[PDB]
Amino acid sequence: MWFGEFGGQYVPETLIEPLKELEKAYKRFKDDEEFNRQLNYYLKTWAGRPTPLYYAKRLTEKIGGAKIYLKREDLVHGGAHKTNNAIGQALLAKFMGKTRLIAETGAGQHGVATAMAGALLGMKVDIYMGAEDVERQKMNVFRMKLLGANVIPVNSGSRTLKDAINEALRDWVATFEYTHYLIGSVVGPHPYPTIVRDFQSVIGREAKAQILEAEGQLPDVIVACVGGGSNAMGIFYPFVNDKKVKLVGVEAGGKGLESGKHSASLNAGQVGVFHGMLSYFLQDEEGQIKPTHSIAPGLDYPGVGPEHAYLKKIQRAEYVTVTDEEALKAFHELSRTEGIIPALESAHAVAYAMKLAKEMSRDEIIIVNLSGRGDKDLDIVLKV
């Protein structure tokens, strides 16, 4: 439940037994042969795992320093790593006898992942979304409907993600006997930070095997962007006990840290309680969750998972920021140099790795988690 002092279960008493039943089921199924046969089957035949580990040779040689490898989560079905967790939790729900999934979404990206997995497994799917975000995210809202999910606009409060989160929790209180609440990052009350990290750790397990095959050694650095922190935990976790491997998480610096327009909870936030967890959040002087900004739609979550708060505390991982401008430059650079259009989220990681590689020797190795593809971002990048 706790990663040092971070984490917990800050929920109404009515959710304590549903969370206990979720943990009990998870511990029974996570190493179960039939659960894992089915999970691996869907990850392989529907999602397309394993994803490759790609040597960005042209990019590496241009920069003239460390080798840059990309872990190609952009090739997962749906175009983002979110699918790994959506499948894992949807299958868990089905094994628990649940017939319905709920989730919240801001950018729409987790709503789409949840809708895809629910459709695969024949589950009913309802997605809560702040009405402001519904308005802005026309294409993700349509995708969700096409996939058979019902998008429920949330018109109360500020009509954004915090309000969707509150409605989802209210629904789960009433419907948990048949409904699974599918949390989309390494956030929420225990056991969700643990479960999500476990379902994303396939990224790092593949990457470790792949870099050993390609280079005969472990990487010197792993770089991943951090919203809530799921793609970063997924790639980091299998290397945590390899002391030599540096772990770097990259938060959204937005218009700059001194600008008021970013989403850098670890770098600029403070300890607080939100979404059922004690962690770092961007919160105003009256304890209210602040609006965030990033050019990357999915780096909008106003906090970070407790395991990252912990890794930062113990200095096992370092957390940095990259600006919209730096991310955009990396988006263009990777596209023209390697013929891979990255997600704007992932472009933050690419940007930082490019900076880092310049300083490192040519025999050193950086793996970047390319968490998604950038097709979804083309309208945004055109407008800029």
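Numbering starts at 1 and follows the sequence shown. Heads up, when I say rigid core I mean the largest set of C-alphas that superpose within 1.5 Å between the two forms.
Between 157-165 and 115-123, the larger root mean square Cα shift in 4 other deposited structures of this protein, once each structure is superposed on the rigid core, falls on 157-165. Greater average departure of CA atoms from the shown form, over structures and residues in 4 other deposited structures of this protein after a core fit, characterises 292-300 among 91-99 and 292-300.
Averaged over Cα atoms, the B-factor as recorded in the entry is higher for 258-266 than for the other of 271-279 and 258-266. Higher mean CA temperature factor between 57-65 and 346-354: 57-65, per the PDB entry. Comparing the listed residues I211, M144, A131, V221, the entry records the largest Cα B-factor for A131. In the PDB entry, the Cα temperature factor peaks, among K82, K243, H190, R205, at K243.
Among all modelled residues in this chain, the alpha-carbon of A174 has a temperature factor (C-alpha) in the highest third. Sort the modelled residues of the chain by CA B factor and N140 lands in the middle third. Among the modelled residues of its chain, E285 has a C-alpha B-factor that falls in the highest third according to the deposited record. Compared with the other modelled residues of the chain, the Cα B-factor recorded for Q315 ranks in the highest third.
For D74, the recorded CA temperature factor ranks within the lowest third of the chain's modelled residues.
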